[PDB]
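Peer 1: Supplied structure: entry-v2.cif, mmCIF, N, CA, C and O atoms.
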data_my_file
loop_
_atom_site.label_atom_id
_atom_site.label_comp_id
_atom_site.auth_asym_id
_atom_site.auth_seq_id
_atom_site.Cartn_x
_atom_site.Cartn_y
_atom_site.Cartn_z
N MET A 1 114.13 78.84 90.36
CA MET A 1 113.75 77.54 89.81
C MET A 1 112.60 77.65 88.79
O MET A 1 112.01 76.64 88.40
N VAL A 2 112.28 78.87 88.35
CA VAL A 2 111.25 79.10 87.34
C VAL A 2 111.74 80.18 86.39
O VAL A 2 112.49 81.08 86.78
N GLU A 3 111.33 80.09 85.12
CA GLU A 3 111.69 81.05 84.10
C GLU A 3 110.44 81.71 83.54
O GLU A 3 109.46 81.03 83.23
N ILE A 4 110.46 83.04 83.43
CA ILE A 4 109.32 83.82 82.94
C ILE A 4 109.77 84.70 81.78
O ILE A 4 110.74 85.46 81.91
N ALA A 5 109.03 84.65 80.68
CA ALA A 5 109.23 85.52 79.53
C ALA A 5 108.11 86.55 79.48
O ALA A 5 106.93 86.21 79.63
N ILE A 6 108.46 87.81 79.28
CA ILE A 6 107.47 88.86 79.20
C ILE A 6 107.67 89.63 77.90
O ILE A 6 108.80 89.94 77.52
N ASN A 7 106.59 89.88 77.22
CA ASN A 7 106.66 90.54 75.94
C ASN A 7 106.22 91.98 76.05
O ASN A 7 105.39 92.32 76.90
N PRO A 8 106.77 92.85 75.22
CA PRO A 8 106.31 94.24 75.19
C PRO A 8 104.85 94.31 74.76
O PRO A 8 104.35 93.45 74.04
N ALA A 9 104.16 95.34 75.24
CA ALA A 9 102.74 95.47 74.96
C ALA A 9 102.51 95.82 73.49
O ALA A 9 103.28 96.56 72.89
N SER A 10 101.43 95.28 72.93
CA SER A 10 101.01 95.55 71.56
C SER A 10 99.55 95.99 71.54
O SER A 10 98.86 96.00 72.56
N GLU A 11 99.09 96.36 70.34
CA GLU A 11 97.69 96.75 70.10
C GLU A 11 97.27 97.87 71.05
O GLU A 11 96.18 97.83 71.64
N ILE A 12 98.14 98.86 71.22
CA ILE A 12 97.94 99.92 72.21
C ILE A 12 97.05 101.00 71.62
O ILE A 12 97.28 101.49 70.51
N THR A 13 96.03 101.39 72.38
CA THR A 13 95.13 102.44 71.92
C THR A 13 94.99 103.53 72.97
O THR A 13 95.82 103.65 73.87
N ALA A 14 93.97 104.37 72.81
CA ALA A 14 93.73 105.42 73.79
C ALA A 14 93.36 104.84 75.15
O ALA A 14 93.67 105.44 76.18
N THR A 15 92.71 103.67 75.18
CA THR A 15 92.22 103.17 76.46
C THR A 15 92.43 101.67 76.66
O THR A 15 91.83 101.09 77.57
N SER A 16 93.29 101.03 75.86
CA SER A 16 93.46 99.59 75.99
C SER A 16 94.85 99.19 75.50
O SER A 16 95.52 99.94 74.79
N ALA A 17 95.28 97.99 75.92
CA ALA A 17 96.55 97.42 75.49
C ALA A 17 96.49 95.90 75.63
O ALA A 17 95.69 95.36 76.41
N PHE A 18 97.36 95.22 74.88
CA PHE A 18 97.47 93.76 74.93
C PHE A 18 98.82 93.39 75.53
O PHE A 18 99.87 93.67 74.93
N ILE A 19 98.79 92.76 76.70
CA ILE A 19 99.98 92.31 77.41
C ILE A 19 99.98 90.79 77.46
O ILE A 19 98.93 90.14 77.50
N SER A 20 101.17 90.22 77.40
CA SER A 20 101.31 88.78 77.37
C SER A 20 102.63 88.40 78.01
O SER A 20 103.54 89.22 78.16
N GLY A 21 102.71 87.14 78.39
CA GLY A 21 103.92 86.57 78.96
C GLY A 21 103.86 85.08 78.79
O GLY A 21 102.87 84.52 78.29
N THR A 22 104.94 84.42 79.19
CA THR A 22 105.03 82.97 79.06
C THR A 22 105.91 82.42 80.17
O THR A 22 106.94 83.02 80.52
N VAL A 23 105.48 81.30 80.74
CA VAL A 23 106.23 80.58 81.75
C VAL A 23 106.68 79.28 81.12
O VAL A 23 105.86 78.53 80.58
N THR A 24 107.99 79.03 81.11
CA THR A 24 108.56 77.95 80.32
C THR A 24 109.04 76.78 81.18
O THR A 24 108.62 75.64 80.95
N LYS A 25 109.90 77.03 82.15
CA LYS A 25 110.34 75.99 83.07
C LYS A 25 109.94 76.34 84.49
O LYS A 25 110.08 77.49 84.90
N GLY A 36 99.53 72.29 90.96
CA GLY A 36 98.71 73.49 90.85
C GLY A 36 99.44 74.75 91.29
O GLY A 36 99.59 74.99 92.49
N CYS A 37 99.90 75.54 90.32
CA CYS A 37 100.63 76.78 90.55
C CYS A 37 99.92 77.94 89.86
O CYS A 37 99.35 77.79 88.78
N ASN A 38 99.99 79.12 90.49
CA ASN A 38 99.27 80.30 90.01
C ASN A 38 100.14 81.16 89.10
O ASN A 38 101.31 81.40 89.40
N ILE A 39 99.54 81.67 88.03
CA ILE A 39 100.19 82.62 87.15
C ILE A 39 99.28 83.83 86.98
O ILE A 39 98.08 83.67 86.76
N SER A 40 99.86 85.03 87.08
CA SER A 40 99.11 86.28 87.04
C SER A 40 99.84 87.32 86.22
O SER A 40 101.06 87.45 86.32
N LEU A 41 99.08 88.08 85.42
CA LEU A 41 99.55 89.29 84.77
C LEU A 41 99.15 90.48 85.63
O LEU A 41 97.96 90.73 85.83
N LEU A 42 100.13 91.21 86.16
CA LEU A 42 99.86 92.33 87.05
C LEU A 42 100.27 93.62 86.36
O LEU A 42 101.44 93.77 85.98
N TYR A 43 99.33 94.55 86.22
CA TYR A 43 99.57 95.83 85.56
C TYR A 43 99.16 96.98 86.47
O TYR A 43 98.29 96.83 87.33
N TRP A 44 99.82 98.12 86.30
CA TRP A 44 99.54 99.30 87.11
C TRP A 44 100.12 100.51 86.38
O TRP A 44 101.00 100.38 85.54
N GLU A 45 99.62 101.70 86.72
CA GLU A 45 100.17 102.87 86.08
C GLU A 45 101.46 103.28 86.77
O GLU A 45 101.64 103.04 87.97
N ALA A 46 102.37 103.87 85.99
CA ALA A 46 103.73 104.08 86.46
C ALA A 46 103.77 104.88 87.75
O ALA A 46 104.50 104.52 88.69
N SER A 47 102.98 105.95 87.83
CA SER A 47 102.96 106.81 89.01
C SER A 47 102.29 106.15 90.21
O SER A 47 102.44 106.66 91.33
N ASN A 48 101.55 105.06 90.03
CA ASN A 48 100.89 104.37 91.14
C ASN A 48 101.12 102.87 91.03
O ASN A 48 100.25 102.12 90.56
N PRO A 49 102.30 102.40 91.46
CA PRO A 49 102.52 100.94 91.56
C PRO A 49 101.80 100.30 92.73
O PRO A 49 101.77 99.06 92.81
N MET A 50 101.25 101.09 93.66
CA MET A 50 100.38 100.53 94.69
C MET A 50 99.03 100.14 94.11
O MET A 50 98.52 99.05 94.41
N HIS A 51 98.46 101.00 93.28
CA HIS A 51 97.16 100.76 92.67
C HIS A 51 97.37 99.77 91.52
O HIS A 51 97.39 100.12 90.34
N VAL A 52 97.52 98.51 91.90
CA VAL A 52 97.90 97.44 90.99
C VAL A 52 96.68 96.56 90.71
O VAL A 52 96.01 96.08 91.63
N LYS A 53 96.38 96.36 89.43
CA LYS A 53 95.26 95.53 88.98
C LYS A 53 95.79 94.22 88.40
O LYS A 53 96.99 94.03 88.23
N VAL A 54 94.88 93.29 88.11
CA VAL A 54 95.26 91.97 87.58
C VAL A 54 94.63 91.79 86.21
O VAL A 54 93.40 91.70 86.09
N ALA A 55 95.48 91.68 85.18
CA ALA A 55 95.01 91.41 83.83
C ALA A 55 94.45 90.01 83.70
O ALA A 55 93.40 89.80 83.07
N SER A 56 95.13 89.02 84.27
CA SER A 56 94.67 87.65 84.16
C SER A 56 95.21 86.85 85.34
O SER A 56 96.27 87.16 85.89
N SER A 57 94.45 85.83 85.74
CA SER A 57 94.85 84.89 86.77
C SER A 57 94.49 83.49 86.31
O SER A 57 93.32 83.20 86.05
N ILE A 58 95.51 82.64 86.20
CA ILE A 58 95.34 81.27 85.74
C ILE A 58 96.09 80.34 86.67
O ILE A 58 97.15 80.68 87.22
N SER A 59 95.53 79.15 86.87
CA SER A 59 96.15 78.09 87.65
C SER A 59 96.45 76.93 86.70
O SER A 59 95.65 76.00 86.58
N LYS A 60 97.61 76.97 86.04
CA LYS A 60 98.12 75.85 85.26
C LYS A 60 99.13 75.04 86.07
O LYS A 60 100.05 75.60 86.70
N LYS A 61 98.94 73.73 86.06
CA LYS A 61 99.92 72.75 86.48
C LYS A 61 100.73 72.24 85.29
O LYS A 61 101.55 71.33 85.44
N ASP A 62 100.49 72.81 84.12
CA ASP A 62 100.98 72.31 82.83
C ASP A 62 102.00 73.32 82.31
O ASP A 62 101.63 74.42 81.89
N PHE A 63 103.29 72.95 82.34
CA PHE A 63 104.28 73.88 81.81
C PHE A 63 104.84 73.37 80.48
O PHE A 63 105.02 72.15 80.32
N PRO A 64 105.15 74.26 79.52
CA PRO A 64 105.09 75.73 79.56
C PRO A 64 103.68 76.32 79.48
O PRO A 64 102.77 75.63 79.04
N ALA A 65 103.52 77.58 79.90
CA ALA A 65 102.21 78.19 80.06
C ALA A 65 102.17 79.58 79.46
O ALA A 65 103.06 80.40 79.70
N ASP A 66 101.11 79.85 78.70
CA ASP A 66 100.89 81.14 78.07
C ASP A 66 99.75 81.86 78.79
O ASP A 66 98.68 81.28 79.00
N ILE A 67 100.01 83.11 79.18
CA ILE A 67 99.01 83.98 79.78
C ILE A 67 98.92 85.24 78.93
O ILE A 67 99.94 85.81 78.53
N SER A 68 97.69 85.64 78.61
CA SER A 68 97.42 86.77 77.74
C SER A 68 96.20 87.49 78.29
O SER A 68 95.33 86.87 78.91
N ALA A 69 96.15 88.79 78.06
CA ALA A 69 94.96 89.55 78.44
C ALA A 69 94.96 90.90 77.75
O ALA A 69 95.98 91.59 77.76
N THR A 70 93.84 91.28 77.14
CA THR A 70 93.72 92.59 76.51
C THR A 70 93.10 93.56 77.52
O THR A 70 91.89 93.69 77.63
N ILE A 71 93.96 94.26 78.27
CA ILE A 71 93.47 95.08 79.37
C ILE A 71 92.74 96.30 78.82
O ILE A 71 93.25 97.03 77.96
N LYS A 72 91.53 96.53 79.32
CA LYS A 72 90.69 97.62 78.86
C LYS A 72 90.62 98.72 79.93
O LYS A 72 91.20 98.61 81.02
N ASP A 73 89.87 99.77 79.60
CA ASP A 73 89.54 100.85 80.52
C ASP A 73 90.80 101.43 81.16
O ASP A 73 90.94 101.49 82.38
N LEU A 74 91.74 101.85 80.31
CA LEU A 74 92.97 102.47 80.77
C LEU A 74 92.88 103.99 80.63
O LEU A 74 92.05 104.52 79.89
N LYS A 75 93.71 104.67 81.37
CA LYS A 75 93.72 106.13 81.31
C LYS A 75 94.47 106.60 80.06
O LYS A 75 95.61 106.18 79.83
N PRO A 76 93.87 107.45 79.22
CA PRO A 76 94.58 107.93 78.02
C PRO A 76 95.83 108.68 78.41
O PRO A 76 95.92 109.29 79.48
N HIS A 77 96.82 108.61 77.51
CA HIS A 77 98.04 109.41 77.61
C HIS A 77 98.75 109.20 78.95
O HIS A 77 99.26 110.13 79.56
N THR A 78 98.80 107.95 79.39
CA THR A 78 99.29 107.61 80.72
C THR A 78 100.31 106.50 80.59
O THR A 78 100.16 105.62 79.73
N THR A 79 101.32 106.52 81.44
CA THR A 79 102.34 105.48 81.44
C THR A 79 101.95 104.33 82.37
O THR A 79 101.70 104.53 83.57
N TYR A 80 101.94 103.12 81.82
CA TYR A 80 101.61 101.92 82.55
C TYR A 80 102.80 100.97 82.56
O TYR A 80 103.70 101.05 81.71
N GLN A 81 102.81 100.08 83.54
CA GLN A 81 103.81 99.03 83.64
C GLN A 81 103.09 97.72 83.93
O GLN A 81 102.00 97.71 84.50
N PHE A 82 103.69 96.61 83.51
CA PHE A 82 103.09 95.31 83.79
C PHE A 82 104.19 94.27 83.95
O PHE A 82 105.26 94.37 83.33
N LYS A 83 103.92 93.28 84.80
CA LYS A 83 104.83 92.18 85.02
C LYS A 83 104.02 90.89 85.08
O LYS A 83 102.79 90.90 84.99
N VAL A 84 104.72 89.78 85.20
CA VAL A 84 104.11 88.46 85.39
C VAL A 84 104.60 87.91 86.72
O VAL A 84 105.80 87.91 87.00
N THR A 85 103.66 87.47 87.56
CA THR A 85 103.95 86.95 88.89
C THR A 85 103.47 85.51 88.98
O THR A 85 102.36 85.20 88.55
N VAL A 86 104.30 84.65 89.54
CA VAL A 86 103.99 83.24 89.69
C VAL A 86 103.90 82.91 91.18
O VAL A 86 104.84 83.18 91.94
N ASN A 87 102.76 82.36 91.58
CA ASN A 87 102.52 81.98 92.97
C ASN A 87 102.74 83.16 93.91
O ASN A 87 103.22 82.99 95.04
N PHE A 88 102.43 84.36 93.43
CA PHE A 88 102.28 85.56 94.25
C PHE A 88 103.59 86.12 94.79
O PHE A 88 103.59 87.20 95.38
N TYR A 89 104.71 85.43 94.61
CA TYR A 89 105.98 85.97 95.10
C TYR A 89 107.10 85.96 94.08
O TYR A 89 108.04 86.74 94.22
N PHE A 90 107.02 85.13 93.05
CA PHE A 90 108.10 85.03 92.08
C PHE A 90 107.78 85.98 90.93
O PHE A 90 106.96 85.67 90.07
N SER A 91 108.40 87.16 90.94
CA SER A 91 108.15 88.21 89.96
C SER A 91 109.17 88.16 88.83
O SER A 91 110.35 87.86 89.05
N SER A 92 108.72 88.47 87.62
CA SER A 92 109.57 88.58 86.45
C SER A 92 110.02 90.03 86.30
O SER A 92 109.78 90.87 87.17
N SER A 93 110.67 90.35 85.19
CA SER A 93 111.05 91.74 84.98
C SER A 93 109.84 92.55 84.53
O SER A 93 108.78 92.02 84.18
N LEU A 94 110.00 93.87 84.56
CA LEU A 94 108.98 94.81 84.13
C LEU A 94 109.07 95.06 82.64
O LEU A 94 110.14 94.99 82.03
N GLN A 95 107.93 95.38 82.06
CA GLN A 95 107.83 95.96 80.73
C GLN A 95 107.01 97.23 80.88
O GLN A 95 106.17 97.34 81.78
N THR A 96 107.29 98.22 80.04
CA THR A 96 106.69 99.54 80.17
C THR A 96 106.09 99.96 78.83
O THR A 96 106.69 99.73 77.77
N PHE A 97 104.89 100.54 78.90
CA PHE A 97 104.20 101.11 77.74
C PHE A 97 103.40 102.33 78.21
O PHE A 97 103.23 102.55 79.41
N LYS A 98 102.95 103.13 77.24
CA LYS A 98 102.13 104.31 77.51
C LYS A 98 100.96 104.36 76.54
O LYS A 98 101.13 104.21 75.33
N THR A 99 99.77 104.59 77.07
CA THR A 99 98.57 104.67 76.26
C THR A 99 98.62 105.87 75.33
O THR A 99 99.38 106.82 75.52
N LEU A 100 97.78 105.83 74.30
CA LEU A 100 97.60 106.96 73.42
C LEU A 100 96.66 107.98 74.06
O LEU A 100 95.99 107.70 75.05
N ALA A 101 96.64 109.18 73.50
CA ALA A 101 95.61 110.13 73.84
C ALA A 101 94.43 109.93 72.89
O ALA A 101 94.50 109.15 71.94
N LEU A 102 93.34 110.62 73.18
CA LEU A 102 92.19 110.58 72.29
C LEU A 102 92.48 111.40 71.04
O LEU A 102 93.11 112.47 71.11
N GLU A 103 92.01 110.92 69.89
CA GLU A 103 92.33 111.54 68.61
C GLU A 103 91.13 111.36 67.69
O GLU A 103 90.39 110.39 67.82
N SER A 104 90.95 112.29 66.76
CA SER A 104 89.72 112.35 65.98
C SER A 104 90.00 112.23 64.48
O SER A 104 91.14 112.05 64.05
N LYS A 105 88.93 112.32 63.70
CA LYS A 105 89.01 112.45 62.24
C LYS A 105 88.75 113.92 61.92
O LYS A 105 87.61 114.36 61.78
N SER A 106 89.83 114.70 61.84
CA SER A 106 89.73 116.07 61.36
C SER A 106 89.48 116.09 59.86
O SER A 106 90.24 115.49 59.09
N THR A 107 88.45 116.82 59.43
CA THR A 107 88.09 116.90 58.00
C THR A 107 87.93 118.37 57.61
O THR A 107 86.81 118.87 57.53
N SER A 108 89.04 119.04 57.29
CA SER A 108 89.02 120.46 56.98
C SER A 108 88.46 120.74 55.58
O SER A 108 88.29 119.84 54.76
N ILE A 109 88.13 122.02 55.32
CA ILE A 109 87.61 122.48 54.02
C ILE A 109 88.51 123.60 53.51
O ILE A 109 88.63 124.65 54.16
N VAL A 110 89.09 123.40 52.32
CA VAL A 110 89.91 124.41 51.65
C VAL A 110 89.70 124.34 50.14
O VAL A 110 89.93 125.32 49.42
#
Just give me the structure as C-alpha cells.

Peer 2:
Amino acid sequence: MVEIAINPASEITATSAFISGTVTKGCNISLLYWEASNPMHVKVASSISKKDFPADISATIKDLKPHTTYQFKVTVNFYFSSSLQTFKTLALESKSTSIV
C-alpha cells in the first residue's frame, strides 16, 4: 500500500556519497546504508517523520571506507523496505606532477 522510488548514488568520492529516494503514494521514512560485506553493520543516512506525501529524503553520507562496496535502501515505518541500490566508493588519489 506504499510506493518507494530509490535513485542510484551520485557525487561519489573516496569517502562520501549522495543517496536519495522518494515516497510517492505520522509515518517514518529512513535511508539505510551499509557496506556490502556487512549488511548487519547498518547505519542511517536520514530519518524523517513526514505525514505529507509525496516525500523526498536525501542525505550526503560521509566518512565512508575508500574503495569499498556499499548498499543502501529506503525503509518506511521500519518494516516496509524498497529495493536495493549499489555503489562503490573511490580509492584515494593524488595530483601526480612528474618532471621530464

Peer 1: Enumerate, as a PyMOL selection string, the complete set of residues in region 21-89 of chain A that a backbone-based DSSP assignment places in strand (DSSP E).

Peer 2: chain A and resi 21-23+37-45+48-60+65-71+79-86

Peer 1: Pick out the residues sitting within 9 Å of region 15-38 of chain A, and hand them over as a PyMOL selection string; count only C-alpha atoms, and ignore anything fewer than 6 positions along from it in its own chain.

Peer 2: chain A and resi 1-9+55+57-77+82-88+97+99-102

Peer 1: I'd like the interatomic distance between CA of residue 78 (chain A) and CA of residue 94 (chain A), to a tenth of an Å.

Peer 2: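 Between CA of residue 78 (chain A) and CA of residue 94 (chain A) the gap works out to 16.4 Å.
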
Peer 1: Each side padded by 3 Å, which centre and which edge lengths in Å (one decimal) define the axis-aligned box around the listed atoms of region 20-24 of chain A? Give them as lines of an AutoDock Vina configuration file.

Peer 2:
center_x = 105.1
center_y = 82.9
center_z = 79.6
size_x = 13.9
size_y = 20.6
size_z = 10.4

Peer 1: Quick one, how far is atom N of residue 104 (chain A) from atom O of residue 51 (chain A)?

Peer 2: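 Result for atom N of residue 104 (chain A) versus atom O of residue 51 (chain A): 27.3 Å, one decimal.
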
Peer 1: Using all atoms listed in the file and a cutoff of 6 Å, can you tell me which residues are near (95.8, 97.7, 89.2) in the file's coordinates, and write them out as a compact mmCIF listing (two decimals) with N, CA, C and O atoms, in the coordinates of the input?

Peer 2:
# COMPACT_ATOMS: atom_id res chain seq x y z
N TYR A 43 99.33 94.55 86.22
CA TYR A 43 99.57 95.83 85.56
C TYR A 43 99.16 96.98 86.47
O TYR A 43 98.29 96.83 87.33
N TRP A 44 99.82 98.12 86.30
CA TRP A 44 99.54 99.30 87.11
C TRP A 44 100.12 100.51 86.38
O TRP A 44 101.00 100.38 85.54
N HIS A 51 98.46 101.00 93.28
CA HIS A 51 97.16 100.76 92.67
C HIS A 51 97.37 99.77 91.52
O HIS A 51 97.39 100.12 90.34
N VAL A 52 97.52 98.51 91.90
CA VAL A 52 97.90 97.44 90.99
C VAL A 52 96.68 96.56 90.71
O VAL A 52 96.01 96.08 91.63
N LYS A 53 96.38 96.36 89.43
CA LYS A 53 95.26 95.53 88.98
C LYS A 53 95.79 94.22 88.40
O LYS A 53 96.99 94.03 88.23
N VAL A 54 94.88 93.29 88.11
CA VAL A 54 95.26 91.97 87.58
C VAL A 54 94.63 91.79 86.21
O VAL A 54 93.40 91.70 86.09

Peer 1: Calculate how many Å separate CA of residue 48 (chain A) from CA of residue 103 (chain A), rounding to one decimal.

Peer 2: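 Computing the Euclidean distance for CA of residue 48 (chain A) and CA of residue 103 (chain A) yields 25.1 Å.
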
Peer 1: Between A:40, A:80, A:10, A:50, which one has atoms that come closest to residue 92 (chain A), using all atoms listed in the file?

Peer 2: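 Going through A:40, A:80, A:10, A:50 one by one, the smallest distance to residue 92 (chain A) is for A:40.
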
Peer 1: Measuring between all atoms listed in the file, which one of A:11, A:42, A:107, A:49 shows the shortest distance to residue 81 (chain A)?

Peer 2: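 Comparing A:11, A:42, A:107, A:49 against residue 81 (chain A), the winner is A:42.
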